[PDB]
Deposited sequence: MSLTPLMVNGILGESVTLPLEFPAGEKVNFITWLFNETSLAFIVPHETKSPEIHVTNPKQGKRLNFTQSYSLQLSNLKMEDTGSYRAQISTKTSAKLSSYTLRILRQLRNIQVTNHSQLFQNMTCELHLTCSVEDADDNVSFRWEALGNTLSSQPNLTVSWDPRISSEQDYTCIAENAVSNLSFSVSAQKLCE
């Protein structure tokens, strides 16, 4: 039961949906973050629950649902990490694990070229802003993948090359951008 991978957007909010199977009576629930604890929760049927925030900082931007799912708002980079819900029953203490990732939304996708004759050879590079190591590019023509990197170099002959355009697609877990360029324009 390895960690559920969830993606938060920098600046915005996110919920880690604490769930079951259960069956036995929950006595407590603890929300853990990395080495540390975030929140202690004594659930109650009749009453509101007693909630104890054990981690000052994060805690400012921290709330809980009717079901004790973690709600984290105005997400920061230092928010990334392993979150875990420990449902302390009377004979067991099972863990739900999440991996929270925080990424800026991709913006400003751009394409530049670097160079006649009858046969045209283009050197294309796709760039983006607010990238990370976990961005990923690919160049596509007619639904075919010419390249899986920001760099594409291809030959284009107006009179036998079947495609007429090249399209860069840049995406991460929360962004999907694309720019396309015209051989017939990039080759004079």
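Residues of the deposited sequence with no modelled C-alpha atom fall in the ranges 1-2, 118-120.
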